[PDB]
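Working notes, beginning with the structure itself.
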Amino acid sequence: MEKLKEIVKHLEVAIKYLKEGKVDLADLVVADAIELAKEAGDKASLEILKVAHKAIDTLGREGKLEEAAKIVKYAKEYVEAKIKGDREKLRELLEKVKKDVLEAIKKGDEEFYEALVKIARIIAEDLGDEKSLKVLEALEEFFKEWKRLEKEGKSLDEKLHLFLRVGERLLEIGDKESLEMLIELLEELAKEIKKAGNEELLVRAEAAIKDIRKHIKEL
Ligand SMILES: [Zn+2]
Ligand SMILES: [Zn+2]
């Protein structure tokens with residue numbers, strides 16, 4: 001503490017300012033917290049505060065003021081779970097950050113997602129976890145290729161192959177919370193495919209869906 005408690009207090013001020021409209025003062029407050037963090041030799045709180053600052057910039061200045069307070073709260077809780085020497089709270093922080101990553105992927109927000117995955121990487125390369133760092137790469141690849149195939153005009157078979165590729169990777173990793181979102185997205189894709197006249201591509205989707213559901217049940 002000392003400097004780290006000052007950082008936490010400034011983060012409380014920034015969240016108070018964000019929950020009432022003022023985006024410009026919260027940015028300055030987080031900049032002050034970053035200047036304090038450059039004086040405490042941590043290199044793991046400085047990065048998370050820089051992520052919070054850029055989150056203010058991108059999310060807060062535009063219409064989303066409820067997804068910048070989330071980033072600042074995650075940064076504050078990471079810092080305050082470092083002035084208590086707790087590694088059993090960092091894991092729950094990782095769990096909450098990963099659940100919002102999955103919700104961001106499901107919704108479609110690309111500005112929330114980058115901040116959340118940056119925070120998750122910072123937490124997980126500080127917790128000695130690699131079953132939560134391989135899922136991060138799998139979800140990174142899935143989100144990017146999904147954004148491309150939705151920008152361009154590639155066929156339904158390419159989208160199905162993307163879904164099956166990431167499903168097999170997540171099954172080989174064993175994550176279950178990252179596979180229910182994939183099942184939901186595959187159900188949406190199957191709804192779109194059945195709408196189309198194409199056959200022999202819906203039986204494959206249904207079989208994949210059933211196999212992933214059974215493996216989720218077993219997992
Ligand atoms: Zn600034
Ligand atoms: Zn094919």
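Residue numbers start at 1 in each chain; chains themselves are named A, B, ... in the order of the structure tokens; ligands are numbered from 1 in the order shown.
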
Practice task
May I ask you to write as a list in words all residues lying at most 9 Å from ligand 2, with only C-alpha atoms and all ligand atoms counted?
Solution key: residues 156, 157, 158, 160, 161 and 201 of chain A

Give me a file of those residues, with N, CA and C atoms, as a PDB file, in the first residue's frame.
```pdb
ATOM      1  N   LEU A 156     -21.427 -20.232 -46.634  1.00  0.00           N
ATOM      2  CA  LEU A 156     -21.776 -20.818 -45.351  1.00  0.00           C
ATOM      3  C   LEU A 156     -20.845 -21.950 -44.947  1.00  0.00           C
ATOM      4  N   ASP A 157     -20.227 -22.636 -45.918  1.00  0.00           N
ATOM      5  CA  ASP A 157     -19.296 -23.712 -45.601  1.00  0.00           C
ATOM      6  C   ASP A 157     -18.052 -23.187 -44.897  1.00  0.00           C
ATOM      7  N   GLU A 158     -17.556 -22.023 -45.299  1.00  0.00           N
ATOM      8  CA  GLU A 158     -16.409 -21.442 -44.610  1.00  0.00           C
ATOM      9  C   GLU A 158     -16.744 -21.093 -43.163  1.00  0.00           C
ATOM     10  N   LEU A 160     -19.084 -22.537 -41.334  1.00  0.00           N
ATOM     11  CA  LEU A 160     -19.208 -23.812 -40.638  1.00  0.00           C
ATOM     12  C   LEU A 160     -17.841 -24.389 -40.303  1.00  0.00           C
ATOM     13  N   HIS A 161     -16.886 -24.286 -41.226  1.00  0.00           N
ATOM     14  CA  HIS A 161     -15.549 -24.799 -40.957  1.00  0.00           C
ATOM     15  C   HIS A 161     -14.867 -24.013 -39.846  1.00  0.00           C
ATOM     16  N   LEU A 201     -25.440 -29.717 -45.550  1.00  0.00           N
ATOM     17  CA  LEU A 201     -24.655 -28.818 -44.720  1.00  0.00           C
ATOM     18  C   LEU A 201     -25.381 -28.530 -43.416  1.00  0.00           C
TER      19      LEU A 201
END
```

Handout entry: Residue contacts of residue A:67 (10 Å, only C-alpha atoms) excluding same-chain residues fewer than 6 positions away, as an MDAnalysis selection string
Key = chainID A and resid 55:56 59:60 73 111:112 115:116

Handout entry: Nearest residue to ligand 1 from the set A:190, A:26, A:97, A:117 (distances using only C-alpha atoms and all ligand atoms)
Key = A:26

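Every residue having at least one atom no farther than 12 Å from ligand 1 is included below, with only C-alpha atoms and all ligand atoms taken into account: residues 23, 24, 25, 26, 27, 28, 29, 30, 31, 32, 33, 34, 35, 49, 50, 51, 52, 53, 54, 55, 56, 57, 58, 60 and 61 of chain A.
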
Exercise for the section: Excluding stretch 124-133 of chain A and residues on its chain fewer than 3 positions from it, collect all residues at most 12 Å away from it, counting only C-alpha atoms, and give them as an MDAnalysis selection string. Expected result: chainID A and resid 42:45 48 78 82 86:95 97:99 101 117:121 136:140 169:178

Limited to N, CA and C atoms, could you put the picked residues into a file as a compact mmCIF listing (two decimals), in the first residue's frame?
```txt
# COMPACT_ATOMS: atom_id res chain seq x y z
N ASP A 42 5.85 -1.69 -10.36
CA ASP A 42 5.05 -2.91 -10.42
C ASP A 42 4.97 -3.52 -11.81
N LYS A 43 4.80 -2.71 -12.86
CA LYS A 43 4.83 -3.16 -14.25
C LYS A 43 3.69 -4.14 -14.57
N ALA A 44 2.82 -4.41 -13.60
CA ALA A 44 1.64 -5.22 -13.84
C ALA A 44 0.37 -4.47 -13.48
N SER A 45 0.49 -3.42 -12.66
CA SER A 45 -0.58 -2.46 -12.42
C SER A 45 -0.52 -1.28 -13.37
N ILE A 48 -2.32 -2.40 -16.52
CA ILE A 48 -3.77 -2.47 -16.38
C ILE A 48 -4.37 -1.06 -16.29
N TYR A 78 -8.19 -5.60 -9.55
CA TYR A 78 -6.87 -6.20 -9.69
C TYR A 78 -5.86 -5.52 -8.77
N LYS A 82 -4.02 -6.92 -4.77
CA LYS A 82 -2.56 -6.95 -4.78
C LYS A 82 -2.04 -6.22 -3.55
N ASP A 86 -3.63 -11.60 -2.24
CA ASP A 86 -4.61 -12.65 -2.47
C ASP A 86 -4.49 -13.16 -3.89
N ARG A 87 -4.30 -14.47 -4.03
CA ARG A 87 -4.28 -15.15 -5.31
C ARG A 87 -5.54 -16.00 -5.47
N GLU A 88 -6.40 -15.97 -4.45
CA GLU A 88 -7.70 -16.62 -4.55
C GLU A 88 -8.78 -15.64 -4.97
N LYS A 89 -8.47 -14.34 -5.05
CA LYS A 89 -9.35 -13.35 -5.64
C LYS A 89 -8.97 -13.00 -7.07
N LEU A 90 -7.69 -13.13 -7.43
CA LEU A 90 -7.28 -12.97 -8.82
C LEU A 90 -7.95 -14.00 -9.71
N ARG A 91 -8.17 -15.22 -9.21
CA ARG A 91 -8.82 -16.26 -10.00
C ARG A 91 -10.28 -15.93 -10.27
N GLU A 92 -11.00 -15.43 -9.27
CA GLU A 92 -12.37 -14.99 -9.51
C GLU A 92 -12.43 -13.77 -10.42
N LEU A 93 -11.44 -12.88 -10.32
CA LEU A 93 -11.33 -11.79 -11.28
C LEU A 93 -11.18 -12.32 -12.70
N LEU A 94 -10.32 -13.32 -12.88
CA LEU A 94 -10.15 -13.94 -14.19
C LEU A 94 -11.44 -14.56 -14.68
N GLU A 95 -12.18 -15.21 -13.78
CA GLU A 95 -13.45 -15.81 -14.17
C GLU A 95 -14.44 -14.76 -14.66
N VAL A 97 -13.76 -11.72 -15.81
CA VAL A 97 -13.26 -11.12 -17.04
C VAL A 97 -13.52 -12.03 -18.23
N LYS A 98 -13.32 -13.34 -18.05
CA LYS A 98 -13.58 -14.28 -19.14
C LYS A 98 -15.07 -14.39 -19.47
N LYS A 99 -15.94 -14.34 -18.46
CA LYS A 99 -17.37 -14.31 -18.75
C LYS A 99 -17.75 -13.06 -19.53
N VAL A 101 -15.75 -11.48 -21.53
CA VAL A 101 -15.19 -11.70 -22.86
C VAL A 101 -16.17 -12.50 -23.71
N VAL A 117 -9.85 -8.68 -23.22
CA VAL A 117 -8.83 -9.70 -23.44
C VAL A 117 -7.46 -9.21 -23.01
N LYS A 118 -7.19 -7.91 -23.13
CA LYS A 118 -5.93 -7.38 -22.60
C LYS A 118 -5.86 -7.56 -21.09
N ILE A 119 -6.95 -7.23 -20.39
CA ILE A 119 -6.99 -7.42 -18.94
C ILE A 119 -6.83 -8.90 -18.59
N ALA A 120 -7.51 -9.78 -19.33
CA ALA A 120 -7.42 -11.20 -19.05
C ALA A 120 -6.00 -11.72 -19.25
N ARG A 121 -5.32 -11.27 -20.30
CA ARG A 121 -3.93 -11.66 -20.50
C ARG A 121 -3.06 -11.16 -19.35
N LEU A 136 -7.92 -18.01 -24.63
CA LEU A 136 -7.84 -16.64 -25.12
C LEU A 136 -7.40 -16.60 -26.58
N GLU A 137 -6.39 -17.39 -26.95
CA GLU A 137 -5.96 -17.43 -28.35
C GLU A 137 -7.03 -18.04 -29.24
N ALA A 138 -7.69 -19.10 -28.77
CA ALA A 138 -8.76 -19.71 -29.56
C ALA A 138 -9.88 -18.71 -29.83
N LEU A 139 -10.27 -17.96 -28.80
CA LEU A 139 -11.36 -16.99 -28.95
C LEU A 139 -10.92 -15.79 -29.78
N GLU A 140 -9.65 -15.38 -29.66
CA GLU A 140 -9.12 -14.34 -30.53
C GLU A 140 -9.24 -14.73 -31.99
N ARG A 169 -10.86 -27.29 -31.25
CA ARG A 169 -9.80 -26.77 -30.40
C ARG A 169 -10.26 -26.60 -28.96
N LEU A 170 -11.47 -26.09 -28.74
CA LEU A 170 -11.97 -25.92 -27.38
C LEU A 170 -12.27 -27.25 -26.71
N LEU A 171 -12.71 -28.26 -27.46
CA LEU A 171 -12.87 -29.59 -26.90
C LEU A 171 -11.54 -30.22 -26.51
N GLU A 172 -10.50 -30.03 -27.33
CA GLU A 172 -9.16 -30.50 -27.00
C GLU A 172 -8.56 -29.74 -25.82
N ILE A 173 -9.00 -28.50 -25.60
CA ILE A 173 -8.56 -27.72 -24.44
C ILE A 173 -9.39 -28.14 -23.23
N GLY A 174 -10.69 -28.31 -23.44
CA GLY A 174 -11.59 -28.78 -22.40
C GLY A 174 -12.47 -27.73 -21.77
N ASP A 175 -12.40 -26.48 -22.23
CA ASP A 175 -13.22 -25.42 -21.66
C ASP A 175 -14.70 -25.68 -21.93
N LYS A 176 -15.52 -25.47 -20.90
CA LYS A 176 -16.95 -25.67 -21.01
C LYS A 176 -17.72 -24.36 -21.07
N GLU A 177 -17.29 -23.33 -20.34
CA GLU A 177 -17.93 -22.02 -20.41
C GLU A 177 -17.75 -21.35 -21.76
N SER A 178 -16.69 -21.67 -22.49
CA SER A 178 -16.43 -21.11 -23.81
C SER A 178 -17.11 -21.90 -24.91
```

Problem - Long-range neighbours of residue A:5 as a ChimeraX atom specification, 9 Å cut-off, only C-alpha atoms, 3 positions minimum in chain - result: /A:1-2,8-10,79-80,83
